[PDB]
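Beneath this line is the structure, given in structure tokens, with notes to follow.
Values below: all heavy atoms of this structure, side chains included; hydrogens, waters and symmetry mates excluded. Chain naming here is simple, since letters A, B, ... match the order of the sequence lines and numbering starts at 1 in each.
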Amino acid sequence: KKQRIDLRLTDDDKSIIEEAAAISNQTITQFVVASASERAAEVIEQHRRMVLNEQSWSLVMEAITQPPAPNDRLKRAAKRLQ
Amino acid sequence: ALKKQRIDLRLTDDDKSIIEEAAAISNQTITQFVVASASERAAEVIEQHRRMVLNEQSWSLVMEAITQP
Amino acid sequence: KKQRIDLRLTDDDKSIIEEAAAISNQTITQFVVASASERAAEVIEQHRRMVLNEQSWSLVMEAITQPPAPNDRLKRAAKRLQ
Amino acid sequence: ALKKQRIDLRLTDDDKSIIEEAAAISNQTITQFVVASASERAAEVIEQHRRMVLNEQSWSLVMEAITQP
Amino acid sequence: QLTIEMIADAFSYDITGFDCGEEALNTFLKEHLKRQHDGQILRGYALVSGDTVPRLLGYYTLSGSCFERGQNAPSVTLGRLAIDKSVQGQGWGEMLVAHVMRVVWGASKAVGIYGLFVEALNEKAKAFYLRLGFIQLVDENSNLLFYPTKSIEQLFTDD
Amino acid sequence: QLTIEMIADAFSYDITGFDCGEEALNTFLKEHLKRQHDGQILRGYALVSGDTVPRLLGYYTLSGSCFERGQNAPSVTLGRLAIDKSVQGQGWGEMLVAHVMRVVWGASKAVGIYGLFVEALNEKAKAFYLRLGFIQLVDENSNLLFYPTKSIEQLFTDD
DNA sequence: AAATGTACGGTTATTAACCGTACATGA
DNA sequence: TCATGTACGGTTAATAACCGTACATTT
């Protein structure tokens, strides 16, 4: 526990956080860290998980099993890289 | 409507790293991401607590009604 | 916060509670009180709420709209009460 | 296995009353109701954390794979 | 000289040697009612003797309840009911049930209450309440019995 | 003398006056990449100059991902990608995409990776990736484009 | 004798919530 | 100028976890 987060907030946000933490039988820091980190995991999981419908899934499977050859513009970009 | 109040959290390296990068993914400062996550969780807890309090008081009416010496 | 609860428990139960509280970023007392009171509210609401199916609901409605007259034995029980 | 360890909780009158009366409804002593509720909630948190840790480590291999100076 | 009274704050009753035949209702007396594990959800009434320290020979617990269609309507539920062996087979069990209906009757005059529910663990309990006029419910609610308030109204006005 | 390197621990780059045309990608640079808000989920690479203090004129972020049918298969997703206005219209945007696939190709040699996903916010970005050979998906996934690893294999093998 | 459920109070090491402080940016 | 996001460290009042203690059953 060697890190830290400093915040400025309105009286309204501070007040409702203080009272929801008291209702939850939690310190302010526990309530805020739990709210932010649980919400972080939601953002992160939406960022890595590509839920594909069956048509999009089929297009990916077609690209995997029958891969196209790179076009002229794309090969030209890789030569400047090299 | 100034941000005249303050809060500092001391946390682990993993807690801050997942919060930092989730704010980066959301393209929000650490302040927005954390304070918005907490307030909207706070409003949910208070609204639920407000319903439960009035529900429990409603149950206490029946309790007093069947309370006869 | 003037009340208290004292517990005896095995090393196994105590250890897994200590480690689940640490994972949850919670004290032992917060984790235990929250676990017990949340399960209490579940027990209490299941105890007072009678979810009736459509046949049972109709039997209750029939008893309410067309109330039976108390039988002789029930009438006899209220006599000794008075 | 003996019950050789202890725990004491300081709590509100409302938390203690709802715990006492729910234990009364369940016809369990306060010790059974409290320790059983906490210990199976603890096992759920331990199980979920173990899956989350192994999932996160799985994601870290892909992270290290795309980490190239 | 037995009397029916409410289990108040003190609980200063002689419950030594109490036994009702079912240890579950016995342990509930020694480990819950005597600790005042009631007042917010459970309300207990007691069949007590006239001794210098009143002895407890019976009790029941009441709780506010509601029944739903799955609308919502409030009711009262009789939880546990125990009669000590010393005074069994003399009608005190049904007199307690009649006393249960009386407080339900009194409660219905101040708040809306449509009837009295009871859960019959086994079928002997079902036969006990069916005999007093309770209506048994079906399927998922097959261990629930119901008696409407209007029938209770009849019982006490008539007598 | 521009070079592509990975944004390491330090981030000791001159980003003063950086402007890609879209402020969202500018603020993401000053408020996330510059604070090392990366390393665990987001991995950043940088197009840097050869000055005595290296200037940053472009960047992209990569993240491990997976695509599912709703089976589960792993992939890599290109998040943000920005090119400073000073060096726009010179092909550096496509060279960064070529460097992305190179890292995907390098990553695919050590772990299973089936391709590269990208989310096209607007329709210009969609045209940009469609032009490079990306395959656009449909309906709910209509703002995602995909390029398989085997096509990336052909591109650097042949070159 | 030993285990156990319930019950009360003192001790101590930990820390949450403030507060001062600092700097750089944008209104 | 002022509001703001990010950042570091000290002070103090509050208390979580513990331990001893007690008593009445139950084995």
Exercise for review: Mind checking D/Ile30 for me? I need base, sugar-phosphate or nothing, with any heavy atom below 4.0 Å counting as a touch.
Suggested key: sugar-phosphate
Check your understanding: Could you give the CZ-to-P distance, from C/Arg8 to H/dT21, as a whole number of Å?
Key -> 14 Å
Revision key, fill the gap. Sorted by chain and number, sequence neighbours left out, side-chain contact (heavy atoms from CB on, under 4.5 Å) with B/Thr31 holds for A/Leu7, B/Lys3, B/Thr29, B/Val35
Exercise for review: Report yes if at least one side-chain N or O of B/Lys3 is closer than 4.0 Å to OP1 or OP2 of H/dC2; otherwise report no.
Suggested key: no
Exercise for review: Could you check F/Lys30 against D/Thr31 and say which one's nearest nucleotide on DNA chain G is further toward the 5' end?
Suggested key: D/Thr31
Check your understanding: Using 30° and 60° as the class limits, which term best fits the ring planes of E/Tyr13 and E/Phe11: parallel, tilted or perpendicular?
Key -> perpendicular
Check your understanding: In whole angstrom, what separates A/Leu7's CG from H/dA7's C1'?
Key -> 11 Å
Point to revise | Distance test, side-chain N/O of F/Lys34 to OP1/OP2 of G/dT25, below 4.0 Å | key: no
**Study point:** Along DNA chain H (nearest heavy atom to each residue), the more 5'-positioned of C/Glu18 and F/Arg35
**Key:** F/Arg35
Study note, to complete from the structure: Assert: residue with more 5' nearest nucleotide on DNA chain H, out of C/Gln30 and B/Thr29, is B/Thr29
Practice item. Please confirm whether the backbone N or O of A/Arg4 pairs with a side-chain atom of B/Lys16, one donor and one acceptor, at under 3.5 Å? Key: yes
Study note, to complete from the structure: Atom CD of B/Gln28 and atom P of H/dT6 are separated, to the nearest Å, by 11 Å
Practice item. Taking all heavy atoms of F/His37 and all of B/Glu21, pick out the closest pair and write down the distance. Key: O-CG, 3.4 Å
Review point. What pairs meet the salt bridge (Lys or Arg N to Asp or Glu O under 4.0 Å) rule with one or both residues in residues 34-47 of chain E, with sequence neighbours excluded?
Key: E/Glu31-E/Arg35
Point to revise | D/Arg6 (side chain) and G/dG5 (base): donor-acceptor pair under 3.5 Å | key: no
**Study point:** Which side the sugar of H/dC18 sits on, once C1'-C2'-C3'-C4' is checked for sign
**Key:** north
Review point. Starting at CD of A/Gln3 and ending at P of H/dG9, how long is that distance when rounded to a whole Å?
Key: 12 Å
Exercise for review: Find the distance E/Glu31:CD to H/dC23:P and express it as a whole number of Å.
Suggested key: 20 Å
Exercise for review: Decide yes or no, distance alone: a donor-acceptor N/O pair under 3.5 angstrom between the base of H/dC8 and the side-chain of B/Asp8.
Suggested key: no
